[PDB]
Amino acid sequence: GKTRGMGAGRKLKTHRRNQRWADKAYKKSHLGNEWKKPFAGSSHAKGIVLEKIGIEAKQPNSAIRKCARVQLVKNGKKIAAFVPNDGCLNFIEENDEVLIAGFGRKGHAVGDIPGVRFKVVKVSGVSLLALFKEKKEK
Amino acid sequence: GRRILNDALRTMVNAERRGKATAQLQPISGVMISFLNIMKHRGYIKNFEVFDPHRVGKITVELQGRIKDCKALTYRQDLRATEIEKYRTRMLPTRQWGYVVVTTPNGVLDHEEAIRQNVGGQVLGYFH
Amino acid sequence: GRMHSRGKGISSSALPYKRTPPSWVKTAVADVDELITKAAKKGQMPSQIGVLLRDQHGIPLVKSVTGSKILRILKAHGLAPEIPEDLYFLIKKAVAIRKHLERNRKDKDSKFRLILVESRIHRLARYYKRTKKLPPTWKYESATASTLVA
RNA sequence: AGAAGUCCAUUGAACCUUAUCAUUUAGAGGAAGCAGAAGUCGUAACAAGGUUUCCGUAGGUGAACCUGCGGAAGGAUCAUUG
RNA sequence: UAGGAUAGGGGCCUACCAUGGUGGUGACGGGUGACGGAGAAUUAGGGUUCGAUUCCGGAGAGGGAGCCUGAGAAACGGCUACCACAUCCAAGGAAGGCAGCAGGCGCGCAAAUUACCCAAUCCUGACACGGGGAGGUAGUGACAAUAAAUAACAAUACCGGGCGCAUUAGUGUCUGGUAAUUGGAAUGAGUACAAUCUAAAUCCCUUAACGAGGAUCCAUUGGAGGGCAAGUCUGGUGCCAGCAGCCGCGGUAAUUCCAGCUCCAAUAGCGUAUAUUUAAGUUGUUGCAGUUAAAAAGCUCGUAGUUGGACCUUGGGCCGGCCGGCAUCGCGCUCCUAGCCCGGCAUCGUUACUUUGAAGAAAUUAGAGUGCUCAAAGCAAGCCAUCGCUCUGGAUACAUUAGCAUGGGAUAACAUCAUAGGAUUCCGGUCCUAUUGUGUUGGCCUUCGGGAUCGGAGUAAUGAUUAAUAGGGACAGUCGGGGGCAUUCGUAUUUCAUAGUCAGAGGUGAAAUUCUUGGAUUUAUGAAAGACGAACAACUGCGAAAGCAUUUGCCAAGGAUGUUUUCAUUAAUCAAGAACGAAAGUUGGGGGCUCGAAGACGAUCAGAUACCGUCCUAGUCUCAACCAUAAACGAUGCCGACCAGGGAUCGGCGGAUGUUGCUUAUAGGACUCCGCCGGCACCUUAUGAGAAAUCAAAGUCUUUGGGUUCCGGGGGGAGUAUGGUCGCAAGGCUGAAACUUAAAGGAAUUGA
Ligand SMILES: [Mg+2]
Ligand SMILES: [Mg+2]
Ligand SMILES: [Mg+2]
Ligand SMILES: [Mg+2]
Ligand SMILES: [Mg+2]
Ligand SMILES: [Mg+2]
Ligand SMILES: [Mg+2]
Ligand SMILES: [Mg+2]
Ligand SMILES: [Mg+2]
Ligand SMILES: [Mg+2]
Ligand SMILES: [Mg+2]
Ligand SMILES: [Mg+2]
Ligand SMILES: [Mg+2]
Ligand SMILES: [Mg+2]
Ligand SMILES: [Mg+2]
Ligand SMILES: [Mg+2]
Ligand SMILES: [Mg+2]
Ligand SMILES: [Mg+2]
Ligand SMILES: [Mg+2]
Ligand SMILES: [Mg+2]
Ligand SMILES: [Mg+2]
Ligand SMILES: [Mg+2]
Ligand SMILES: [Mg+2]
Ligand SMILES: [Mg+2]
Ligand SMILES: [Mg+2]
Ligand SMILES: [Mg+2]
Ligand SMILES: [Mg+2]
Ligand SMILES: [Mg+2]
Ligand SMILES: [Mg+2]
Ligand SMILES: [Mg+2]
Ligand SMILES: [Mg+2]
Ligand SMILES: [Mg+2]
Ligand SMILES: [Mg+2]
Ligand SMILES: [Mg+2]
Ligand SMILES: [Mg+2]
Ligand SMILES: [Mg+2]
Ligand SMILES: [Mg+2]
Ligand SMILES: [Mg+2]
Ligand SMILES: [Mg+2]
Ligand SMILES: [Mg+2]
Ligand SMILES: [Mg+2]
Ligand SMILES: [Mg+2]
Ligand SMILES: [Mg+2]
Ligand SMILES: [Mg+2]
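Residue numbers (PDB author numbering), protein chains in the order written: chain ga, 2 to 139; chain va, 2 to 129; chain pa, 2 to 151.
Rendered as structure tokens:
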């Protein structure tokens, strides 16, 4: 059972200190490996498109998910970013600047796309939203 | 392995919950008697007797059938006249009835007499 | 329960309500004092002395007859042992066990029991140093322990 | 009164040699784990799963696995006075 | 210790000397994408996270270092030197420091004008006057925050429901409306004379004149399967393209994609990414769990740590209207306060706790007052005859911990009356200081005061709580397959011997390998060897667990019972540390019956590196030394209390008449009945608990708090990598991360 002594404050406080490391969220935020990730603790990052690849969807689905492999400017890492909309892959060209964000779920893959946790949100300084909705052109 | 005023109060809850009319507390002390006086003066038990064969002691209590739960706060916290309110919200069923027992340099007494006499102390238990 | 087992027996003595000596006990405090000192000088510790006075001379308890515990009687007359009684007997048992152990080195049950008895000796010696019934320098040698007793 | 220069001290940047730490970076070769997909070989487990299953240890084999020793029931027996 | 230096204390530094100082209450080291605080976000309460930034404190001016001037600097809008970088050159030389304001490059997801002014607030100089990129003003500015447009009203109308006839109608009620229907009234968005604003301008507030028919003065962002509010509408596409936080949608009839219409939510705003709080009682002090879902160490000992039984008056009264002031059987006062002989006095145990007070920066928070037109704000303002000015305000509170002071003395700590070295109304003695009798100064000392030593008469109620259904120790008769050493025995198995017999024996579902007329298997007597200890033998015993079963002897140990013996709190649980720890395994001797990993064969089979059969090596046994693990299981740590009924059973004890193939009679042993302690368990039952299975402890839990140790936080990766440590080795202990994944899992139900 729990220690209950009046003079037990050290035991309780040190015990909580030790046991908090068993919690995945605490350990994820207090261990430092987020600075080793592609974005290095950033919401967005700019990159240069290296190639367009295209990835299959997992078993219950069947489709080709069209993604662009990007190189991050700040650190030179290489990632794959989904291009969200119908026909927006044709806006992407080779060696153009692109603004990438997370997919949601904070670094964990979304939906049926295997091993992709990044999404393309801007190309050539112009939104994919404005290009898909014809508000602006590049 | 003993720290009395827990065995006494828990023996009383068990006996009252079975509907017994007499309960017997083997090890007694002045603290237990002082607590039982508050119980009686607020009306939750009938009269009780000390049986001294010689030793620590022994008492028998007469149960009136109106007590619902009486327990101890072991790890007796330090309790000033301003945080009485928050203990009684954490520990009593309502603002209308129930008592927290505090030991104070002015004796053992319930929290309401403590408010009137403006003294804090250390919490011993509660009953309601 | 027991300090060094799982036994939970409650067998022990129960003194009566009545503090005063019984009606039929006619012996005077000085004669009982004399019996206690006589048995003590013969080498009997307070437990054996109490057993004697219970059994032969019809003394239920000395503290009821004379008003003073038998150890206090032995102390006032300068006859209490130097090593308290329970520690004396623990030391003697530890010596007996160790003597048995050098003759049976693969008897691991007695090795376990020797550890238990030395543990009890150390705990009682801690008590005795704390309460000034032993020198604050008394310490227990496995080697030179038979010289002290028997 | 007194400048240049100079002598010994003192604070001491900076550079060098070895050692050492700490952090990032290459590698012949090896060996893992994962995910995926209509490949191959068997049938290990779930029924007494067709040799009850499993735990520790030790050896052996394409693979699952097999065997010896001791243990458990989470067993397929809460049961012999019949 | 003595110096030197400094404005000054100080190993600050020098000489000499001593050997210390910090550390499981975490030193030293490492990380910090770490300046500290006031504070910020979220907050039922408790908490969690943040704090570069305008206030306070510190630090730096490319990196170090050294300085001059000066009251003040180790200054950088000062100097000197070096390192890094870099500029002008007439090639000898010269000058550098934007983490000031604006601006530029670079870095980036990420941040404004190379503007005006000292007019406000203040600083500064010789100074009322100069100066101020401090500071203000304007500009850019959907960072956040406040208020608040995009329409109101009328009758018409195809109509649409209640309410008037409610019959049978029909329309008329608040108008609910597709109505680009008809009709005027209203207004500020915009524009702009003017005044006002301002340092000069500008914006706002006033304002002349303009300025509204609904196509415009035109509202967006996200959605419409579920969660979650809103379409089983219409085209397209056909597991494609695509959507989808999650579950999922899409494979020719898509409520989910691409679009239209329509509807939904918020609305001048809304979506997305990342971080963080809430949800999260999924970090649990309040407040979670650990039989089976993740999770009690194999077991016991043990130091620190945490926890700790009962006991020593404020009890019996007066007193005035919750408390003062007394009195009972209240250890004293010279000195401070000191009533008209009189309360309420100070040092001859400390703390925690609690009460009250002081001293605590502002801003922020809470909060009193006040109509900036409301609000976010701000600290103002309100009245006068809104006439030679009146009344003013600019509160108050919170502030954990530490420090200061005050009352209380229950609760709990730590220190402590058995060596009386105790207190004590009094007596002088070893000895010194010296006052008012020295109007002066003092100066050894007579009654006198004080330490303090001090031999004794003094008085007194003369001074040690009890003996825990806490613990230890002693004693008594016992009990046990508890341990160790020696010793006794048993049949069986294998081998051999001796004798008899002749064809098979073995093994299997069936066979084969194997043995066999040098007689196998069988029978009989005996010997040797090594292992094992059947039956009795159990919902039985003993042990800390692992474990322990032939006899007898010896050695020490142990629980329970009994007790009018003893000590007196000595105790519970436990980091460090330590003993023991099945089997297998390792090294070396001994042994070597049986069985038997490996191996060799025989079968079976599609194969059979297996199951089955035969022969067997290590091993199994023993000694010395290692190893330290098991489903080491009751998958349930230990100590304590309470809580239900019953019958058995083992140990001990007590009480019963009634019988023994017992016993000079009895007692006792065997049996029967009753009771009390202590064990191993079992049966029935909820008034209980639980997800249930189940459990009389897994109960006494949202009505949550007896004490303590270990340990869990979705599934994997993984008991893996790495470092340390132990081991001869096998391995043991300690023990991650990347990555991956939407379930894995427990109990029970219905089916198959
Ligand atoms: Mg989590
Ligand atoms: Mg007990
Ligand atoms: Mg113990
Ligand atoms: Mg297959
Ligand atoms: Mg197949
Ligand atoms: Mg198998
Ligand atoms: Mg199978
Ligand atoms: Mg099988
Ligand atoms: Mg099975
Ligand atoms: Mg094999
Ligand atoms: Mg000095
Ligand atoms: Mg920093
Ligand atoms: Mg920074
Ligand atoms: Mg500052
Ligand atoms: Mg400076
Ligand atoms: Mg710079
Ligand atoms: Mg400088
Ligand atoms: Mg500058
Ligand atoms: Mg600048
Ligand atoms: Mg829309
Ligand atoms: Mg949509
Ligand atoms: Mg929805
Ligand atoms: Mg709905
Ligand atoms: Mg989304
Ligand atoms: Mg799914
Ligand atoms: Mg949807
Ligand atoms: Mg749609
Ligand atoms: Mg949980
Ligand atoms: Mg399991
Ligand atoms: Mg489990
Ligand atoms: Mg301890
Ligand atoms: Mg006792
Ligand atoms: Mg023959
Ligand atoms: Mg038996
Ligand atoms: Mg036998
Ligand atoms: Mg084989
Ligand atoms: Mg284990
Ligand atoms: Mg376990
Ligand atoms: Mg266990
Ligand atoms: Mg019996
Ligand atoms: Mg019993
Ligand atoms: Mg979790
Ligand atoms: Mg986990
Ligand atoms: Mg199941």
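Positions of the beta carbon are idealized from the N, C-alpha and C atoms, including for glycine.
Measuring alpha carbon to alpha carbon, tell me which of va:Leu-10, va:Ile-85, va:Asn-107 and va:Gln-78 ends up nearest va:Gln-123. As a position in the second sequence, residue 123 of chain va is number 122, starting the count at 1. Nearest in C-alpha terms to va:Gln-123, of all of va:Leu-10, va:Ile-85, va:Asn-107 and va:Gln-78, is va:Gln-78.
Span separating the alpha-carbon of ga:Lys-37 from that of ga:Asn-76: Taking the first residue of the first sequence as 1, we reach residue 37 of chain ga at position 36. Taking the first residue of the first sequence as 1, we reach residue 76 of chain ga at position 75. Taking the straight line from one Cα to the other gives about 10 Å.
Look at pa:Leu-135 and pa:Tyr-128 and say whether their C-beta atoms are less than 7 Å apart. Here residue 135 of chain pa refers to the residue found at position 134 of the third sequence. Here residue 128 of chain pa refers to the residue found at position 127 of the third sequence. In this structure, pa:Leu-135 keeps its C-beta atom at 7 Å or more from the C-beta atom of pa:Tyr-128.
In the DSSP assignment, find the alpha helix (DSSP H) that holds pa:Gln-49 and state where it starts and stops. By one-based count along the third sequence, residue 49 of chain pa stands at place 48. From DSSP, the alpha helix (DSSP H) with pa:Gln-49 extends over 47-56.
Determine the direct distance from the alpha carbon of ga:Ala-131 to that of residue 213 of chain ga, and round the result to whole angstroms. Residue 213 of chain ga falls outside the range modelled here, since chain ga spans only 2 to 139, and no answer is possible.
Going along the chain, which residues of its own chain have a beta-carbon closer than 8 Å to the beta-carbon of ga:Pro-85, five neighbours each way excluded? Residue numbering aside, residue 85 of chain ga sits at position 84 when the first sequence is read from its first letter. Residues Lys-120, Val-121 and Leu-129 of the same chain have their beta carbon placed closer than 8 Å to that of ga:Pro-85, with the five preceding and five following residues left out of the count.
With a 10 Å radius around its C-beta and 16 neighbouring C-beta atoms as the bar for buried, classify ga:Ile-65 as buried or exposed. Here residue 65 of chain ga refers to the residue found at position 64 when the first sequence is read from its first residue. Of the residues assessed, ga:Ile-65 falls on the exposed side of the cut-off, its CB having fewer than 16 other CB atoms within 10 angstroms.
Select from va:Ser-35, va:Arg-56, va:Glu-113 and va:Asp-70 the residue whose C-alpha is nearest the C-alpha of va:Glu-84. As a working note, residue 84 of chain va is residue 83 in the second sequence. Per the Cα distances, va:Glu-113.
Alpha carbon of va:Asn-48 to alpha carbon of va:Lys-41, nearest angstrom: For the purposes of this step, residue 48 of chain va is taken as the residue at position 47 of the second sequence. For the purposes of this step, residue 41 of chain va is taken as the residue at position 40 of the second sequence. va:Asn-48 and va:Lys-41: Cα-Cα distance of roughly 7 Å.
Kindly list the residues whose CB is nearer than 6 Å to the CB of va:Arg-67, restricted to its own chain and excluding five residues on each side of it in sequence; keep chain order. Position 66 of the second sequence, counting from 1, holds the residue named residue 67 of chain va. These residues qualify, in order along the chain: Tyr-45.
Verify whether the separation of the beta carbon atoms of va:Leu-26 and va:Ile-60 is less than 7 Å. Translated into positions along the second sequence, residue 26 of chain va becomes position 25. Translated into positions along the second sequence, residue 60 of chain va becomes position 59. Contact: yes.
Measure the alpha-carbon distance for ga:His-31 versus ga:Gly-10 and round it to whole angstroms. By 1-based counting over the first sequence, the position of residue 31 of chain ga is 30. By 1-based counting over the first sequence, the position of residue 10 of chain ga is 9. The straight-line gap from Cα to Cα measures roughly 24 Å.
Where does va:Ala-24 sit, in a helix, a strand or coil, going by DSSP? Mapped onto the second sequence, residue 24 of chain va falls at position 23. Of the three classes helix, strand and coil, the one that applies to va:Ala-24 here is strand, per DSSP.
At a threshold of 6 Å, does ga:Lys-28 count as lining ligand 1 (C-beta to nearest heavy atom)? Translated into positions along the first sequence, residue 28 of chain ga becomes position 27. No, since every heavy atom of ligand 1 falls outside the 6 Å radius drawn around the Cβ of ga:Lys-28.
From the DSSP output, in three-state form, read off pa:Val-33 for me. Here the question's residue 33 of chain pa lines up with position 32 in the third sequence. pa:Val-33: helix per DSSP, three-state reduction.
State the DSSP-derived secondary structure class of ga:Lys-47, mapped to helix, strand or coil. Along the first sequence, one-based indexing puts residue 47 of chain ga at 46. In the structure shown, ga:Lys-47 adopts extended strand secondary structure according to DSSP, grouped into three states.
From the DSSP output, in three-state form, read off pa:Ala-81 for me. For the purposes of this step, residue 81 of chain pa is identified with residue 80 of the third sequence, where counting begins at 1. Secondary structure at pa:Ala-81: coil, using DSSP grouped into helix, strand and coil.
What do you get for va:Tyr-76, buried or exposed, if any count of 16 or more other CB atoms within 10 angstroms of its CB means buried? On the second sequence, position 75 is the one that residue 76 of chain va refers to. Under a 10 Å Cβ-count criterion, va:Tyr-76 is classified as exposed, with fewer than 16 other Cβ atoms of the shown protein chains found around its own Cβ.
Below 8 Å, how does it come out for the stretch 25-45 of chain pa and the stretch 55-71 of chain pa: are there three or more Cβ pairs, yes or no? With three or more CB-CB distances shorter than 8 Å, the stretch 25-45 of chain pa counts as touching the stretch 55-71 of chain pa.
Entirely enclosed beta strand (DSSP E) segments - the stretch 2-58 of chain ga, minimum 3 residues: Listed in chain order, they are 45-53.
Assuming va:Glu-50 is part of the beta strand (DSSP E), what are its boundary residues? Working through the second sequence from its first residue, we reach residue 50 of chain va at position 49. Run containing va:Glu-50: 49-51, per the beta strand (DSSP E) assignment.
Can you tell me whether DSSP reads pa:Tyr-18 as helix, strand or coil? As a working note, residue 18 of chain pa is residue 17 in the third sequence. pa:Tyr-18 falls in the coil class under three-state DSSP.
Do pa:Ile-92 and pa:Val-150 have their CB atoms nearer than 7 Å? Start at 1 with the first residue of the third sequence, and residue 92 of chain pa comes out as number 91. Start at 1 with the first residue of the third sequence, and residue 150 of chain pa comes out as number 149. Yes, they are a contact pair.
Could you pull the start and end residues of the alpha helix (DSSP H) that pa:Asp-87 belongs to? Translated into positions along the third sequence, residue 87 of chain pa becomes position 86. DSSP places pa:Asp-87 inside the alpha helix (DSSP H), whose first and last residues are 86-102.
Tell me, to the nearest whole angstrom, how far the beta carbon of ga:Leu-73 is from that of ga:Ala-46; I am working on the premise that it is less than 8 Å. The residue labelled residue 73 of chain ga in the question sits at position 72 within the first sequence. The residue labelled residue 46 of chain ga in the question sits at position 45 within the first sequence. That pair is a contact at about 5 Å.
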